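> Got a sequence here, can you model it:
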Amino acid sequence: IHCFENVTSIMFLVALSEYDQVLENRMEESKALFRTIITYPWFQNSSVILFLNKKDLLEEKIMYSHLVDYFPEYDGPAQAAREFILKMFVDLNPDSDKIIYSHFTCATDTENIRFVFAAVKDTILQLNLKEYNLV
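Residues are numbered from 1 along each chain as shown. For reference, the structure is listed below:
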């Protein structure tokens, strides 16, 4: 009964650090069931926007379980894991009729009394420290 002609926006959450629990490569199964949605006949629209949360589960799930444990494609020199998840999810639609907007909802994204600005301030502190060298 969920009938509506124009859509132009639907929002499903694609989890970012849930790529290890299958008995076969459940993240590849999710990315393969990504194909029957955004290239469907009456789901054909302007664009679709996908939210990838749990970004702070990256450093706590990339060390003991590296990204190549189930995906034999990642060959980068870590944010490269989530960038590779984004690339493997955006290289699915074989048409530029649907531009894909990708948003990485972090966990520090519900309170902004300079809080994300404080993380930026610590990052400028580290990136200003690393400019120095043993002269």
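> which stretches of this structure form strands?
Along the chain, counting by DSSP state E, strands occupy 49-51, 101-103.
> Of those strands, flag the one that's most buried.
Mean neighbour count, computed with mean count of other CB atoms under 10 Å, is highest for strand 49-51 among the strands of the chain, reaching a mean of 15. (C-beta placed from N, C-alpha, C; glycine too.)
> if I pick residue 28, what's in contact with it?
By CB atoms under 8 Å, 6 or more residues apart in numbering, the contact set of residue 28 is 70, 71.
> Next, work out how far apart it and residue 127 are.
Separation of residue 28 from residue 127 (CB to CB, to the nearest Å): 35 Å.
> Quick one: closest of the strands of the chain to residue 7.
Set against residue 7 and scored by CB to CB, these come closest in strand 49-51, at 11.5 Å.
> Report all helices and strands that that closest one contacts.
The helices and strands touching strand 49-51, judged by 3 or more CB pairs under 8 Å, 6 or more residues apart in numbering; DSSP states H and E, are strand 101-103.
> pull the longest helix from this structure.
Determined from DSSP state H, the single longest helix within the chain is helix 115-129.
> Contacts for that helix, please.
Under the contact criterion CB under 8 Å, 6+ apart, helix 115-129 has outside partners 108, 109.
> can you give me how far that helix is from the chain middle?
Its chain's average C-alpha position is 23 Å from that of helix 115-129, according to CA atoms, centre = their mean, to the nearest Å.
> And that helix, what's buried?
Neighbour counts over helix 115-129 (16 or more other CB atoms under 10 Å) mark no residue as buried.
> And for stretch 41-53?
Within stretch 41-53, the residues that qualify as buried are 48, 50, 52, 53, counting by 16+ other CB under 10 Å.
> any idea what sits nearest the first one, other than its immediate chain neighbours?
Distance criterion CB to CB, 6 or more residues apart in numbering; nearest residue to residue 48, sequence neighbours excluded, is residue 38 at 5.3 Å.
> For burial, what's the neighbour tally of that neighbour?
Neighbour count for residue 38, taken as other CB atoms under 10 Å: 19.
> Residue 19 now?
Neighbour tally, residue 19, other CB under 10 Å: 21.
> That's all I had, so thanks and see you.
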